[PDB]
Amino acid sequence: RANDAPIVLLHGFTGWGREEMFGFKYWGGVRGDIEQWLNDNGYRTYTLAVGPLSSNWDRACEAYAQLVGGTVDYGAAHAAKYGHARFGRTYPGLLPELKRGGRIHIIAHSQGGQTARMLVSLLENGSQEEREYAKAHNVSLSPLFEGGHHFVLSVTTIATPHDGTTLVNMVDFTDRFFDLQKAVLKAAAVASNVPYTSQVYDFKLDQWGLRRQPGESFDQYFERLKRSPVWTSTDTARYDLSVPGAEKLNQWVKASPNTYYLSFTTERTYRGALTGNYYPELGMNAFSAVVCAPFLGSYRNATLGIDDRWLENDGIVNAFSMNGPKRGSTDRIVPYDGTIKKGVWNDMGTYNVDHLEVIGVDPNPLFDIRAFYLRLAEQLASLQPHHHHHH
C-alpha cells in the first residue's frame, strides 16, 4: 500500500446519494453496496451525489463544495452567461482533510469521468474567465476558480463518453433518455407513474429553481424537465454528452501532470458479418438492447466524423470514446503495460460488461463485480506519490 488516499465515487447522468432510492445504491445496484465492500476491505471510500442532468461545470462546482464544505459557487461569469443562480446548495464537506493537505482517488462511471476531469482542471488552474469577470465587476470569487489546489491523486473513468456518445443523435433521444431514467427507477423497484410525497430521486436542480412538486409523478416531472433549461441549454449534461459538446470540453479540460489517469472500456456487442454493424449481446439490460444499442451500433455520420470504429458499444456509450479524450484533445493515451503512469491515460483494457452491469444496476452473474472494484482499489492504493528515473 503505497498511499492512504480515500476513494470518492462519482455517478453520471443518472445517480443519487446513499440515502436516496430507498437505500438502493447506484454503486452496486442489485449486486450490493460497492462503497461498503471497499470500506470493509480496508479502503476508505466515500460517495458523491451531484446533479445528474446538470452540466459537468455545475457538477464540478457541486462536487467541490460537497468535498471541502460550504455553499456551491457556480461562478459569477458562468451564472450570468447561462441565466441560473450563482449560489446553490450548502454542504458539510465529506473530506475537510483536503484543505489541510490530503488527496483523493476519484472513481467515476459514465459521464462522471468528464466531471472528475473538469474538477481536476478547475482545482489546478481555476477559471481565467471567472477571475477576470471578478476583477471587472468587483464580485467575489470562489477558490475553485483560482487554481493551485492539488486534491486529486488519481482519476479512474468507467464507461465514460470522453469523446461523447452517438446516442444523442437519435431522432427521439429526448423521449428515450428519460425512458432510461424511468428504467433506472424501475431497477430500483420505483414506479415512474406515482406521485411520491417522499422525494426518492433528487435531481438537485437548485440553480435552475426546478424540483418535483406535490402530486407530481416522475413521468410528469420528466415532461417538464424536457421543456426546461436543464435540457434546452448548453449548460447541460445533454450537450456535454454529445460529440460536439464533448470535443469542446476536451479542448480546455486537459490531463494534469500531477494526476494519474485510468480508463476502463466496456462493451456488450457482437459484429454482424454482412452489415459491419454491432448488435446487442445476450444479457444486456432490456432497455439498452431494445432502444439504444441498435442505433449506437449502426449509426454513421461523415460530417460529424463518425465511422465504423464508433459502432461497438455497451448499450449507452460508444466504446471508441472510452479509453480517453481524443476529439479536440492533447491528452496522451497508453495501453496498460503493468506500470501506471502520471499525467497520461492508462488504458486498463476492454471489459465484456454493459453500461449498467458494471455498476451492478443491471445484473450479470458471470461478472465478478466485487473482484473488479477490489482489484481497482488496490491498484489505486499502489500508486506512488513521487517517481524517479531508473534503468
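Position 1 is the first residue in the sequence shown; the rest follow in order.
> Please work out which of 342-350 and 63-71 has the higher mean CA B-factor as recorded in the PDB entry.
The stretch with the larger mean CA B-factor is 342-350.
> Between 291-299 and 234-242, which has the higher average C-alpha B-factor in the PDB entry?
The deposited B-factors put 291-299 ahead on the C-alpha mean.
> In this PDB entry, which of 281, 163, 206, 314 has the top CA B-factor?
Highest C-alpha B-factor among the listed options: 206.
> Looking at 169, 321, 266, 250, which one carries the largest C-alpha B-factor according to the PDB entry?
Comparing C-alpha B-factors across 169, 321, 266, 250, the top value belongs to 169.
> Which third of the chain holds residue 48 when residues are ordered by C-alpha B factor: lowest, middle or highest?
Middle third.
> Which third of the chain holds residue 140 when residues are ordered by C-alpha B factor: lowest, middle or highest?
Residue 140: CA B-factor falls in the middle third of its chain.
> Mind checking which third residue 11 falls in for C-alpha B-factor across the chain?
For residue 11, the deposited C-alpha B-factor lands in the lowest third.
> Could you place residue 109 in the lowest, middle or highest third of its chain by Cα temperature factor, using the values in the record?
According to the entry, residue 109 has a C-alpha B-factor in the chain's lowest third.
> Give the position of residue 275 by CA B-factor within its chain, expressed as the lowest, middle or highest third.
Its C-alpha B-factor, which the entry lists for residue 275, ranks in the highest third among residues of this chain.
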